[PDB]
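# return atomic coordinates for the entry below.
(one chain, ligands or ions: 2)
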Amino acid sequence: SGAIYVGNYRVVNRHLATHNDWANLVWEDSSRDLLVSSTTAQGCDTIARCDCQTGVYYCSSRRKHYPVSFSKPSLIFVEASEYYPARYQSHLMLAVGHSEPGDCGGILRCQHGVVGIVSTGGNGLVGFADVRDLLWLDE
Ligand SMILES: Cn1ncc2ccc(CN3C[C@H](C(N)=O)CCC3=O)cc21
Ligand SMILES: [Zn+2]
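Numbering: from 1, shown residues only. Ligands and ions are numbered 1, 2, ... in the order given. What follows is the structure:
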């Protein structure tokens with residue numbers, strides 16, 4: 001689990017969105033595993049606006065943060081789960097590192113701020129849903 005709080009927005013994995021997230025829906029994209037809902041309180045997370053390929057992510061299944069190199073956001077084939085059939089997930093970045101399904105929502109951050117959240121994995125590769133292109137999160 002995990003979320004990003006910026007301005008009057010909450011960014012979560014679409015497959016983990018609650019009834020309250022769907023009742024206050026701003027934007028969602030099944031192909032990216034992202035959903036953004038509105039909040040009453042102001043969030044103070046900083047979103048990165050960059051092309052970094054190195055950062056640190058939080059892994060809840062290890063209670064640890066790991067430094068990784070990661071690919072640029074791209075269209076990657078993702079195997080079926082209980083939440084989606086097999087499909088291409090867009091704006092996804094991979095890194096060599098540990099993750100389990102319950103790690104979704106862990107934040108990946110670079111020197112400039114929040115880059116994305118854990119969304120996919122397996123075989124020693126962790127995948128992050130990028131949020132750096134969502135320029136509207138900041139206004
Ligand atoms: C984060 N992670 N680490 C290992 C692993 C193994 C399997 C999965 C399967 N999966 C992928 C889904 C998607 N984004 O298409 C989101 C929900 C989900 O359980 C995720 C995994
Ligand atoms: Zn950066």
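
# send me stretch 130-139 as CSV with only the CA atoms.
Provided in CSV are the C-alpha atoms of stretch 130-139 (Å, rounded to 0.1, in the frame of the first residue of the first chain):
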residue,chain,number,x,y,z
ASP,A,130,5.7,7.0,-13.5
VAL,A,131,4.0,10.2,-12.4
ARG,A,132,6.5,12.8,-13.7
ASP,A,133,4.5,13.6,-16.9
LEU,A,134,1.3,14.6,-14.9
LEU,A,135,2.1,18.3,-14.8
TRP,A,136,-1.4,19.2,-13.7
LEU,A,137,-0.8,17.6,-10.2
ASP,A,138,1.1,20.9,-9.3
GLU,A,139,-1.7,23.3,-10.2
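
# that one near ligand 1 anywhere?
No. Using CB under 6 Å from any ligand atom, stretch 130-139 never reaches ligand 1; the gap is at least 12.7 Å. For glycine as for every other residue, the C-beta is placed from the backbone atoms N, C-alpha and C.

# residues touching that stretch, excluding its own?
4, 6-7, 9, 11, 34, 36, 47-50, 73, 91-93, 114-117 (CB atoms under 8 Å, 6 or more residues apart in numbering).

# close to ligand 2, is it?
No. Under the criterion of CB under 5 Å from the ion, stretch 130-139 makes no contact with ligand 2; the nearest approach is 7.9 Å.

# next, count neighbours for residue 26.
Residue 26 has 16 neighbours, counted by other CB atoms under 10 Å.

# from memory it sits against residue 37, does it?
Yes. Between residue 26 and residue 37 a contact is recorded at 6.1 Å, counting by CB atoms under 8 Å.

# anything in contact with each of those two?
With CB under 8 Å, 6+ apart as the test, residue 26 and residue 37 both reach residue 9.

# can you flag the buried ones in the contacts of stretch 130-139?
Neighbour counting with 16 or more other CB atoms under 10 Å marks 4, 6-7, 9, 11, 34, 36, 47-48, 73, 91-93, 114-117 as buried within the contacts of stretch 130-139.

# great, nothing more from me.
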